[PDB]
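Because the Cβ atoms are built from the backbone with ideal geometry, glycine has one as well, and the counts that use them run over all protein chains shown. Every number here is computed from the coordinates shown, using simple stated rules; none is lab data.
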Amino acid sequence: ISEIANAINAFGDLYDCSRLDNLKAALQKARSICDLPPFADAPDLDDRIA
Amino acid sequence: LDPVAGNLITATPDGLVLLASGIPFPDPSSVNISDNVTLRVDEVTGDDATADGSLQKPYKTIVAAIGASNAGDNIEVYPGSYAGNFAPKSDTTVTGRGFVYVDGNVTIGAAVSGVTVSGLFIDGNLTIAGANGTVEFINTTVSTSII
Amino acid sequence: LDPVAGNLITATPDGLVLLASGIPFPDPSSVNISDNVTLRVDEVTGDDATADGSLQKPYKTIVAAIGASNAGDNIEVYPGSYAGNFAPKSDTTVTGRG
């Protein structure tokens, strides 16, 4: 039980006892590139692209 | 007997009667002004976690707001202390109020133009490389060498 | 149903009816400061024909505010675009932020 819930809040999200797809939501957000934080400094020549 | 006009809140489900639950409040929001054009930064109350630049959810760090800035926006800061390197976006502005302290370096990125800064105490270098001109610094201090 | 004056429940030939429209919502706290001395102007959220210059309803055209201006009135303009000529009155200030 701990090893599940502890992973659910990996992205600072409240546990929801009324929903039975919480772990699903966390997995989805992981792939989403749209949610990554926007950078705020000039890129350097030694920074990698993916 | 319950009415059907829709001016009702006591719709009774199974069981004898409904009583009442959460009713449709209006939620009078606070004042909005230059919502997505001007941004606020603060340390006392801001929180970048859900910040929007509004007076009620101002950004907590300078680096956060600058990243979300759009061309023509205006970043307005408030007294306090802030940390983190950054580089203002092209066609933008930065304004200070009262004492302000910054812990980091500020760089004008390649091909940037139209920037404007004022009223800041920068505790680090200020690199200017690849710039395209049209810049203006005012009432600023640097603890190290401009380059 | 209780005869107390403050009772909200009501009855009609259709049945016992009640909507929030009959329930008074306490009025919100209007924010203002230097209300008649500080005439805010904002492109984003202004509305000249109904604006008073206050944060609640700031102007949208500088010219409109200036005409409404008074002695000592400060005309503050937020970043953006504007159009229209004008002629400021005596004892007045203008400050284009950003």
query = Taking N as the number of residues in chain A, what is its alpha-carbon radius of gyration divided by 2.2 N^0.38 Å?
reply = 1.61
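What is the magnitude of the charge dipole of the range B:31-147 about its Cα centre, with +1 placed on the Cβ of each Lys and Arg, -1 on the Cβ of each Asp and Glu, and no other charges, expressed in debye to the nearest 20?
Values: 5 positive and 12 negative charges, 24 e Å.
The dipole magnitude comes to about 120 debye.
Taking the Cβ-Cβ separation of B:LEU18 and C:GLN56 as r and a Förster radius of 45 Å, what is the calculated FRET efficiency to the nearest 0.05?
Details: r = 38 Å, r/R0 = 0.84.
Here the calculated transfer efficiency is 0.75.
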query = Where is the GNM fluctuation largest for chain C (alpha-carbon springs, 10 angstrom cutoff): C:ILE66, C:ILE33, C:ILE23?
reply = C:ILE23
note = When the charge dipole of chain B is computed with +1 on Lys and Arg Cβ and -1 on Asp and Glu Cβ about the Cα centre, the Cα farthest towards its positive end, among B:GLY80, B:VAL102, B:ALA5, belongs to B:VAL102
query = Can you give me the Cα centroid spacing of the range B:121-147 and the range C:54-98 in angstrom?
reply = 33
query = Gaussian network model of chain B, Cα springs within a sub-10 Å range: biggest mean-square fluctuation belongs to which of B:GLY22, B:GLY124, B:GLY80?
reply = B:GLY22
Paramagnetic reach from B:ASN70 in the range B:24-46 [backbone N under 13 Å; point 7 Å along Cα→Cβ] = B:34-39
Gaussian network model of chain B, Cα within-10 Å springs - most flexible of B:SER21, B:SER118, B:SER69 = B:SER21
key: Prolate/oblate/rounded label for the protein assembly as shown (Cα gyration tensor, a/c 1.5)   = oblate
ask   = What span do the alpha-carbon atoms of chain C cover on each of the three principal axes, reported in whole Å from largest to smallest?
value = 65, 24, 23
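Only bridges whose two residues both fall in the range B:39-147 count here: according to DSSP, what percent of them are antiparallel, nearest 5? If you can, show how the numbers build up before the last one.
Details: 0 of 22 bridges.
Roughly 0 percent of the DSSP beta bridges within the range B:39-147 come out antiparallel.
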Too-long pairs where the Cα-Cα distance tops 24 Å, listed order kept, from B:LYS57/C:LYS57; B:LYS89/C:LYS57; C:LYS60/C:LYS89; C:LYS57/C:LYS89; B:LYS89/C:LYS60 = B:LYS89/C:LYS57; B:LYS89/C:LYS60
ask   = What fraction of the DSSP beta bridges in the protein assembly as shown is antiparallel, stated in percent and rounded to the nearest 5?
value = 5
key: Backbone N within the range C:1-31 under 19 Å of label point (7 Å from B:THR10 Cα along the Cβ vector)   = C:1-24
query = For the range B:3-11, in order, what is each residue's ³J(HN,Hα) by Karplus, 6.51 cos²θ - 1.76 cosθ + 1.60 with θ = phi - 60°, in whole Hz (x at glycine and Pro)?
reply = x, 10, 5, x, 7, 10, 10, 9, 4
request  = For each of B:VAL77, C:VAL31, C:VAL63, B:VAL100, count neighbouring Cβ atoms within 10 Å of the residue's Cβ, then give the residues from fewest to most.
outcome  = C:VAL31, C:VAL63, B:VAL100, B:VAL77
message = What is the distance in Å between the Cα centroid of the range B:1-47 and that of chain A?
response = 30
query = When DSSP beta bridges are limited to those with both residues in chain C, what percentage is antiparallel, rounded to the nearest 5?
reply = 20
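Checking the a/c ratio against 1.5 first, then a/b against b/c, what shape does the Cα gyration tensor give for the range B:91-138?
On the way: a/c = 2.94, a/b = 1.48, b/c = 1.99.
Taking the square roots of the gyration eigenvalues as a ≥ b ≥ c, the range B:91-138 is oblate.
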